[PDB]
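To start, the structure under review is shown below, and the notes come after it.
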Amino acid sequence: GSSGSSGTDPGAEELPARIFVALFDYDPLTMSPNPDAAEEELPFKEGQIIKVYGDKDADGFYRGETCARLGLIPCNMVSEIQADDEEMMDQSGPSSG
(Lines give C-alpha, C1' and ligand atoms only; values in the text may rest on other atoms or scores of the structure.)
Protein backbone atom coordinates (compact mmCIF):
# COMPACT_ATOMS: atom_id res chain seq x y z
CA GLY A 1 0.00 0.00 0.00
CA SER A 2 1.36 3.37 1.10
CA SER A 3 2.84 2.74 4.54
CA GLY A 4 6.51 1.79 4.71
CA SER A 5 9.73 3.54 5.68
CA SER A 6 8.42 7.10 5.91
CA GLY A 7 5.23 9.03 5.22
CA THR A 8 2.98 8.27 8.18
CA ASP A 9 4.06 10.96 10.64
CA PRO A 10 4.66 9.69 14.20
CA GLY A 11 1.38 9.81 16.10
CA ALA A 12 1.73 7.36 18.98
CA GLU A 13 4.54 5.44 20.67
CA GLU A 14 5.72 1.97 19.64
CA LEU A 15 8.19 -0.78 20.54
CA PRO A 16 11.89 0.20 20.56
CA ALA A 17 13.64 -0.51 17.26
CA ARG A 18 17.43 -0.21 17.33
CA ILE A 19 18.53 1.93 14.39
CA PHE A 20 21.52 0.63 12.42
CA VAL A 21 23.25 2.36 9.51
CA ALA A 22 24.92 0.52 6.64
CA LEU A 23 28.69 1.00 6.34
CA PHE A 24 28.98 -0.54 2.88
CA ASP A 25 26.76 -1.82 0.06
CA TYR A 26 25.45 -5.34 0.67
CA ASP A 27 24.40 -7.69 -2.13
CA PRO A 28 23.13 -11.09 -0.90
CA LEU A 29 22.46 -12.00 -4.54
CA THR A 30 26.13 -11.89 -5.51
CA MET A 31 27.97 -11.88 -2.18
CA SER A 32 26.10 -14.79 -0.59
CA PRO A 33 27.39 -18.22 -1.69
CA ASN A 34 23.82 -19.21 -2.52
CA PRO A 35 20.63 -17.37 -3.57
CA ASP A 36 18.18 -19.67 -1.79
CA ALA A 37 19.84 -19.02 1.57
CA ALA A 38 20.29 -15.40 0.51
CA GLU A 39 16.55 -14.82 0.84
CA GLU A 40 17.01 -14.95 4.61
CA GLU A 41 19.49 -12.09 4.27
CA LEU A 42 18.45 -8.44 3.99
CA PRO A 43 20.20 -6.26 1.38
CA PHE A 44 20.95 -2.59 1.99
CA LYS A 45 23.12 0.20 0.58
CA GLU A 46 25.63 2.29 2.53
CA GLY A 47 23.94 4.96 4.63
CA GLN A 48 20.66 3.04 4.62
CA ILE A 49 18.68 2.69 7.85
CA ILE A 50 17.46 -0.69 9.08
CA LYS A 51 14.80 -0.90 11.79
CA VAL A 52 16.42 -3.67 13.83
CA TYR A 53 13.98 -5.65 15.97
CA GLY A 54 15.49 -7.70 18.77
CA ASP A 55 18.94 -9.26 19.04
CA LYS A 56 20.95 -11.41 16.63
CA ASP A 57 20.85 -15.21 16.58
CA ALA A 58 23.86 -17.49 17.08
CA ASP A 59 25.16 -16.66 13.60
CA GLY A 60 25.25 -13.05 14.76
CA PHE A 61 22.78 -11.47 12.35
CA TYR A 62 20.51 -8.58 13.34
CA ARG A 63 16.93 -9.06 12.18
CA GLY A 64 15.77 -5.64 11.01
CA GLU A 65 13.30 -4.12 8.56
CA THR A 66 14.38 -1.77 5.78
CA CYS A 67 12.56 -0.41 2.72
CA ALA A 68 9.43 -2.32 3.71
CA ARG A 69 11.56 -5.47 3.68
CA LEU A 70 12.44 -8.07 6.32
CA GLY A 71 15.60 -10.15 6.59
CA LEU A 72 18.92 -10.74 8.33
CA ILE A 73 21.55 -8.01 8.64
CA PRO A 74 25.28 -8.77 9.04
CA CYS A 75 26.36 -7.02 12.24
CA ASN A 76 29.75 -6.92 10.51
CA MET A 77 28.62 -4.64 7.68
CA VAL A 78 26.09 -2.40 9.42
CA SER A 79 26.81 -0.60 12.69
CA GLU A 80 25.13 1.02 15.70
CA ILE A 81 24.30 4.72 15.49
CA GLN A 82 25.00 7.22 18.27
CA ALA A 83 22.21 8.18 20.68
CA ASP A 84 20.10 11.14 19.58
CA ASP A 85 18.85 12.06 23.05
CA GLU A 86 20.91 14.36 25.27
CA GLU A 87 24.54 13.25 25.35
CA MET A 88 26.51 12.51 28.53
CA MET A 89 27.87 15.35 30.65
CA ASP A 90 31.39 16.28 29.56
CA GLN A 91 33.58 18.89 31.25
CA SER A 92 31.18 19.20 34.18
CA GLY A 93 31.19 22.85 35.19
CA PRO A 94 33.76 23.76 37.86
CA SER A 95 30.90 24.95 40.07
CA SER A 96 30.77 23.43 43.56
CA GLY A 97 28.23 20.73 44.37
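Chain labels follow the order of the C-alpha coordinates: the first chain is A, the next B, and so on; residue numbering restarts at 1 in every chain, and ligands are counted from 1 in their shown order.
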Neighbouring residues of residue 59 in chain A were defined as those with any atom within 12 Å, considering only C-alpha atoms; residues of the same chain fewer than 5 positions away were excluded. Please report them as a PyMOL selection string.
chain A and resi 41+72-76
Shell of 12 Å around range 60-69 of chain A, only C-alpha atoms, local chain residues under 4 positions omitted, as a PyMOL selection string:
chain A and resi 1-6+16-22+39-45+47-56+73-80
Please report the interatomic distance between CA of residue 46 in chain A and CA of residue 26 in chain A in Å with one decimal.
7.9 Å
For the structure I just gave you, how does DSSP split range 18-85 of chain A - specifically, which residues are helix (DSSP H, G or I)? Reply as a JSON list (two decimals) with N, CA, C and O atoms, in the first residue's frame.
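selection.json was written with the following content:
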[["chain", "number", "residue", "atom", "x", "y", "z"],
["A", 35, "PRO", "N", 21.81, -18.23, -3.50],
["A", 35, "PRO", "CA", 20.63, -17.37, -3.57],
["A", 35, "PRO", "C", 19.53, -17.82, -2.62],
["A", 35, "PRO", "O", 18.97, -17.01, -1.87],
["A", 36, "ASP", "N", 19.22, -19.11, -2.65],
["A", 36, "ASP", "CA", 18.18, -19.67, -1.79],
["A", 36, "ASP", "C", 18.36, -19.20, -0.35],
["A", 36, "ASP", "O", 17.44, -18.64, 0.25],
["A", 37, "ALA", "N", 19.54, -19.42, 0.20],
["A", 37, "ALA", "CA", 19.84, -19.02, 1.57],
["A", 37, "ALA", "C", 19.97, -17.51, 1.68],
["A", 37, "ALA", "O", 19.91, -16.95, 2.77],
["A", 38, "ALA", "N", 20.15, -16.85, 0.54],
["A", 38, "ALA", "CA", 20.29, -15.40, 0.51],
["A", 38, "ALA", "C", 18.98, -14.71, 0.87],
["A", 38, "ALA", "O", 18.97, -13.62, 1.42]]
Please return, as an NGL selection string, all residues of range 6-92 of chain A that DSSP assigns to strand (DSSP E or B) on the basis of the backbone.
:A and (18-21 or 26 or 41 or 44 or 49-56 or 61-66 or 69-74 or 79-80)
Report the distance between CA of residue 58 in chain A and CA of residue 25 in chain A in Å, rounded to one decimal place.
23.3 Å
Report, in Å with one decimal, the straight-line distance from CA of residue 10 in chain A to CA of residue 71 in chain A.
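That distance, rounded to one decimal, is 23.9 Å.
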